Amino acid sequence: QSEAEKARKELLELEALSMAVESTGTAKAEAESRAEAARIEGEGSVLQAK
Amino acid sequence: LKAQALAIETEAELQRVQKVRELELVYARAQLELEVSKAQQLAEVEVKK
């Protein structure tokens with residue numbers, strides 16, 4: 001079980017990077033889509049006010 | 001962007017408010033002139049009678 005845990009430490013190291021990528025991708029996508037839609041609505045509202 | 005749009009609609013509002021209040025000031029001045037003319041003529045015929 002000591003050697004099994006020595007390898008399992010490395011697996012748990014790699015799953016950390018996988019979970020980091022899988023969380024930051026969802027966060028970045030859902031943020032940037034709403035930022036782009038807000039930019040479109042603002043640039044529209046300038047012309048609508050004119 | 002909100003600042004740009006507020007600047008445009010504020011300028012557009014303020015020009016209309018300026019023109020409306022200017023013509024209203026001219027018309028109120030003319031009404032005042034007619035008002036004091038009527039007041040002094042009726043006062044004059046009251047005094048003379």
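We place every Cβ from the backbone using ideal geometry, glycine too, and count neighbours over all the protein chains shown. We did not get these values from a lab; they are worked out from the coordinates using the rules stated.
What is the number of the single condition among (1) surrounded by 10 or more Cβ atoms within 10 Å (Cβ to Cβ); (2) more than 14 Å from chain B (Cβ to nearest Cβ); (3) among the hydrophobic types (A, V, I, L, M, F, W, C) that residue A:11 does not meet?
For residue A:11, the exception is condition (1).
With respect to residue A:28, is the statement that it is away from chain B (no Cβ under 14 Å), of a type in the set (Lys, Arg), without any contact (Cβ under 8 Å) to a residue 60 or more places away in the chain and surrounded by 10 or more Cβ atoms within 10 Å (Cβ to Cβ) true?
yes
So which of B:9, B:46 ends up being exposed (fewer than 10 other Cβ atoms within 10 Å of the Cβ), in a helix (DSSP H, G or I) and of a type in the set (D, E, K, R)?
One residue alone meets the criteria, B:46.
Are any of the residues in the stretch A:2-9 in a helix (DSSP H, G or I), within 24 Å of the chain's Cα centre (by Cα) and acidic (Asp, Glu)?
no
Considering each of A:49, A:35 in turn, give the residue that is within 14 Å of chain B (Cβ to nearest Cβ), within 25 Å of residue B:7 (Cα to Cα) and in contact with an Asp or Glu (Cβ under 8 Å, 6 or more places away or on another chain).
A:49
What are the residue pairs meeting all of these: first residue in the stretch B:11-25, first residue within 14 Å of another protein chain (Cβ to nearest Cβ), second residue surrounded by 10 or more Cβ atoms within 10 Å (Cβ to Cβ), Cβ atoms under 9 Å, and 6 or more apart or on different chains?
Partner pairs satisfying both residue conditions: B:12/A:49; B:12/A:50.
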